Ligand SMILES: *[C@@H]1O[C@H](CO)[C@@H](O[C@@H]2O[C@H](CO)[C@@H](O)[C@H](O)[C@H]2NC(C)=O)[C@H](O)[C@H]1NC(C)=O
Ligand SMILES: *[C@@H]1O[C@H](CO)[C@@H](O[C@@H]2O[C@H](CO)[C@@H](O)[C@H](O)[C@H]2NC(C)=O)[C@H](O)[C@H]1NC(C)=O
Ligand SMILES: *[C@@H]1O[C@H](CO)[C@@H](O[C@@H]2O[C@H](CO)[C@@H](O)[C@H](O)[C@H]2NC(C)=O)[C@H](O)[C@H]1NC(C)=O
Ligand SMILES: *[C@@H]1O[C@H](CO)[C@@H](O[C@@H]2O[C@H](CO)[C@@H](O)[C@H](O)[C@H]2NC(C)=O)[C@H](O)[C@H]1NC(C)=O
Ligand SMILES: *[C@@H]1O[C@H](CO)[C@@H](O[C@@H]2O[C@H](CO)[C@@H](O)[C@H](O)[C@H]2NC(C)=O)[C@H](O)[C@H]1NC(C)=O
Ligand SMILES: *[C@@H]1O[C@H](CO)[C@@H](O)[C@H](O)[C@H]1NC(C)=O
Ligand SMILES: *[C@@H]1O[C@H](CO)[C@@H](O)[C@H](O)[C@H]1NC(C)=O
Ligand SMILES: *[C@@H]1O[C@H](CO)[C@@H](O)[C@H](O)[C@H]1NC(C)=O
Ligand SMILES: *[C@@H]1O[C@H](CO)[C@@H](O)[C@H](O)[C@H]1NC(C)=O
Ligand SMILES: *[C@@H]1O[C@H](CO)[C@@H](O)[C@H](O)[C@H]1NC(C)=O
Ligand SMILES: *[C@@H]1O[C@H](CO)[C@@H](O)[C@H](O)[C@H]1NC(C)=O
Ligand SMILES: *[C@@H]1O[C@H](CO)[C@@H](O)[C@H](O)[C@H]1NC(C)=O
Ligand SMILES: *[C@@H]1O[C@H](CO)[C@@H](O)[C@H](O)[C@H]1NC(C)=O
Ligand SMILES: *[C@@H]1O[C@H](CO)[C@@H](O)[C@H](O)[C@H]1NC(C)=O
Ligand SMILES: *[C@@H]1O[C@H](CO)[C@@H](O)[C@H](O)[C@H]1NC(C)=O
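Residue numbers (PDB author numbering), protein chains in the order written: chain A, 299 to 347; chain B, 546 to 676, 689 to 744; chain C, 695 to 840, 854 to 1140; chain D, 943 to 1140.
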């Protein structure tokens, strides 16, 4: 309240403040099931080039 | 889609072909996990609905905190009390923890006696600094109750009187400000 | 068509012809006034830059726009609380009606609190609460179920139970004491004698009440019944109040919809801008977005300020009506319903008040011959309080607003001058008791 | 604190101005909030962009300040109109409007100036000490019903007086205090008594 009002002294009353309290945030990444795989198996391990 | 928030078990029933929920402002509300066919509600992790009740720093430095529309068990998870300074964890749990219809009030001693409102909190609850001294929260009083001894053949007539001088203050004028536009913008 | 102003009605004016009512009606009208808005609050940092450190750092360059917007909204909410406080909290104590309802035959059961109820609201209060739908709001309805997006609706300081208690105290004070409870300590008085006071206050002798008391009571009850029917029939009556709500909702809705605007940037989504462009140009894009959202917030705040000024004017008017209308008896014409004012009864409503104005309306009118004075013995006699009338043969003196002829006597009339001055004086005999 | 309402106003204006001053410290997206530094560090090709950013930001601040001033001035004008009406109907006359000139019945008012405002001292009359009495809406005397001209009938237990309704001043009931109308078979609650005839 003191800094949000830009003063070292605070009068009586109920002030509405901001939200300075930060919190550490982890990261998550989600993608669908891996499907639709190329023919690389038969391209690299092909019988004859 | 990408975003920031808290993922919680949802209650909705997404259609078989819908993936991402959406509010009326084209904003993500719930999502379907790409691997597990479960719907997760995304509640943003930030609380700005926090009010600080304080008596004047001249009188004391004790304060109370009001969190808007929360239960008293959801407070250390709504504001993430576990990742806060330990001096903020005083004002997230404890013994002075009232549950008003407006939210969670912390640091105010809940009393039963009603008094004239001093610092309005909300939903009929007002707080004040009183006696050794501490902050108290109470259902504000609307005035001392009374009963009129009314009957069809009884009248109350005054016999004395008082000349009362009351004071009504009304603002009349402001300060005649003047701004030099070009000097202010382009001095 | 070319709209008609009203029904043509020529008045049969004549220099010696007066029209005096012979009967009346006790009419109850309804006056609806808004008293408060919804105490909306916006978390500006979370609205503009919801959970994004870089966006918050960029927004911190723009100084204290965000702070002053929050301060303005807090002032608005405080002003609404003050408006409600000043309109309703005008009684020092909390009176309650006695169990006996011997109110001279008048039936107040539709405005006094209902005993078998937890909210202590009257029938009309329940009607008003059930006639204010919230299905057309959108944001104000979806937030009441819990729209957590940095926008919150603070609850009013005085709960509906407290507002009902205040209206109950005012109503009980008015019924059981008249106007004394407003000036100071409540001084009891039979309700019939209070209505006699009011009739004297409108220039109608008190006996008129006592000679037609039951009929008037029935009329009042009937009028209250009609009000019930109106509330039961027309939902749109409280339009104004609903409109207010709607307007606020629309504002909020507009504000919310502004989150979907690019304001000239490449995308309305902050994260896409951050991930897609290099910082030198992502900074320009986020500056565009910040300027756009700040302008939207400024427009919303200005509209809220103007609408709150409107609501403050309405609340001041409502407080003045409560002071001069309930706590007393006003002589201001059409200030407390059409007709001569008798009394008024407040009733709560969602973010507003509804006054039932009980007024007196002349109904059945008769033509009488009139004179400006009467000449008895060369002297001119004028009525002390009333007017001379003639049914064709004899001259009586009656009160102006109700035909009650009385023999002309030296106690009804006062002498002044002689009969050579007054233009239109007639000859008659002033009986001397 | 009694005159807080005035101070608030003053304070608000000050705050406004103060904020305006602090608004000169903002970049609004520019590379510096100081015009002199931008002019000393950049050529017109990019000084134009920086100064445009500064101009837009400061113009927005000015517009916000002006709109706030306009709305607050409208409020203060409404309050001043109310004060003018209060002076017209409160000092220069005698208002029967309840609570419009202080709690209680209005007697008079005295105005006093004050920095950016006025203070009304409302002198009002307030009943203090009260007594119960038995009352009747009217009294029969000779079959005919008598109603009080101004005031109500009261009884201290044995006798009946007629008193004005704002101050207990019991007077003997006579034919100059009461007027006749009809007969007393209609009034509900009427009581028998004698009307002394001078
Ligand atoms: C004044 O008007 C009222 C209503 O028009 C009259 O009351 C009516 O009286 C008749 C018989 O006299 C009844 O049949 C009606 O039912 C009454 N109306 C209502 C609404 O109750 C009243 O008599 C009139 N009085 C005078 C002096 O004209
Ligand atoms: C006042 O009017 C109400 C009507 O709103 C009366 O209530 C009705 O009373 C009758 C008989 O007493 C019942 O049959 C009805 O069911 C009641 N209706 C409601 C809605 O309560 C009430 O009795 C009247 N009071 C007096 C003293 O006459
Ligand atoms: C005007 O009113 C007076 C009094 O009301 C009438 O005088 C009385 O009229 C009744 C009949 O209506 C007679 O029985 C009385 O004898 C009359 N009294 C006197 C002293 O003569 C008068 O008749 C009315 N005149 C008109 C034209 O209606
Ligand atoms: C009510 O007041 C009246 C008058 O104020 C009292 O009348 C008294 O009557 C007796 C005999 O009739 C006189 O001797 C007294 O002088 C009267 N009093 C006065 C003040 O003049 C009456 O007694 C009072 N009754 C009650 C019950 O208080
Ligand atoms: C006031 O006095 C009159 C008498 O002058 C009372 O009238 C009598 O009433 C009774 C019953 O109430 C009848 O039996 C008598 O015949 C009536 N007398 C006359 C002359 O009419 C009247 O009741 C008294 N009032 C009160 C309230 O008691
Ligand atoms: C080719 O076969 C070997 C084993 O025989 C396997 O490890 C490798 O992954 C195969 N290559 C591709 C492209 O699948
Ligand atoms: C992904 O795989 C898991 C288990 O293999 C399965 O339960 C789930 O339904 C799959 N989802 C999709 C979208 O294929
Ligand atoms: C708080 O607890 C009550 C149960 O008493 C519950 O109804 C309410 O939903 C809870 N609040 C929230 C925000 O879930
Ligand atoms: C208030 O009263 C309730 C009973 O209604 C009681 O349970 C509670 O302990 C009381 N609290 C205080 C602080 O007196
Ligand atoms: C009225 O009150 C004043 C002051 O309290 C007192 O001096 C005076 O005697 C009182 N008058 C009566 C008639 O009681
Ligand atoms: C009064 O007289 C005029 C014409 O002289 C007539 O039009 C009107 O209807 C009359 N009204 C009554 C109540 O008699
Ligand atoms: C009225 O009376 C006066 C004397 O009192 C007389 O002079 C006059 O002629 C009379 N007028 C009429 C119309 O009777
Ligand atoms: C009314 O007007 C007529 C016509 O001019 C006139 O003869 C009569 O004296 C007037 N009477 C009054 C009372 O004005
Ligand atoms: C009037 O009577 C009521 C009924 O008991 C009582 O409570 C009250 O104190 C009385 N007041 C006076 C002034 O006698
Ligand atoms: C007052 O009411 C009672 C019953 O409630 C009745 O007996 C009495 O006659 C009434 N008195 C008056 C003056 O109305």
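Here a beta-carbon is modelled for each residue, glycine too, at the ideal position from N, C-alpha and C.
Any non-hydrogen atom of ligand 11 within 7 Å of residue i CB
i, result
"residue 702(C)", "no"
Per DSSP, the bridge partner or partners of residue i
i, result
"residue 719(C)", "1068(C)"
"residue 1089(C)", "1121(C)"
"residue 551(B)", "588(B)"
"residue 577(B)", "584(B)"
"residue 1053(C)", "1062(C)"
"residue 313(A)", "597(B)"
Rounded separation between residue i and residue j - CA only
i, j, result
"residue 731(B)", "residue 950(D)", "11 Å"
"residue 723(C)", "residue 707(B)", "28 Å"
"residue 971(C)", "residue 585(B)", "33 Å"
"residue 964(D)", "residue 703(B)", "54 Å"
"residue 620(B)", "residue 312(A)", "19 Å"
"residue 1014(C)", "residue 812(C)", "34 Å"
"residue 827(C)", "residue 1056(C)", "12 Å"
"residue 746(C)", "residue 626(B)", "20 Å"
"residue 1012(D)", "residue 1111(D)", "55 Å"
"residue 794(C)", "residue 306(A)", "60 Å"
"residue 947(C)", "residue 958(C)", "16 Å"
"residue 1104(C)", "residue 1134(D)", "28 Å"
Span of the alpha helix (DSSP H), counted from its first residue to its last, around residue i
i, result
"residue 932(C)", "920 to 940"
"residue 1040(D)", "Note, residue 1040(D): premise wrong, no alpha helix (DSSP H); not H, not E."
"residue 738(B)", "738 to 743"
"residue 656(B)", "Here residue 656(B) belongs to no alpha helix (DSSP H), and DSSP marks it neither H nor E."
"residue 973(D)", "Premise fails: residue 973(D) is in no alpha helix (DSSP H) and is neither H nor E."
"residue 903(C)", "898 to 908"
"residue 987(D)", "986 to 1032"
"residue 884(C)", "867 to 884"
"residue 961(C)", "946 to 964"
Any non-hydrogen atom of ligand 14 within 7 Å of residue i CB
i, result
"residue 1015(D)", "no"
"residue 819(C)", "no"
Host beta strand (DSSP E) of residue i (start-end)
i, result
"residue 562(B)", "First-last for residue 562(B): undefined, no H or E at that position."
"residue 666(B)", "664 to 667"
"residue 334(A)", "From DSSP, residue 334(A) is part of no beta strand (DSSP E); its letter is neither H nor E."
"residue 790(C)", "788 to 790"
"residue 1105(C)", "1102 to 1105"
"residue 672(B)", "670 to 675"
Near ligand 13: residue i beta-carbon under 7 Å from a heavy atom
i, result
"residue 1130(C)", "yes"
"residue 709(C)", "yes"
Residue i Cβ short of 7 Å to ligand 15 heavy atom set
i, result
"residue 1084(D)", "no"
"residue 796(C)", "yes"
Residue i beta carbon near ligand 9 (any heavy atom closer than 7 Å)
i, result
"residue 655(B)", "yes"
Ligand 5 heavy atom lying under 7 Å from the CB of residue i
i, result
"residue 1137(D)", "no"
"residue 1134(D)", "yes"
Ligand 3 heavy atom lying under 7 Å from the CB of residue i
i, result
"residue 1098(C)", "yes"
Ligand 12 heavy atom lying under 7 Å from the CB of residue i
i, result
"residue 1126(D)", "no"
beta-carbon residue i near ligand 2 non-hydrogen atom, thresh 7 Å
i, result
"residue 801(C)", "yes"
"residue 1011(D)", "no"
Residue i beta carbon near ligand 7 (any heavy atom closer than 7 Å)
i, result
"residue 579(B)", "yes"
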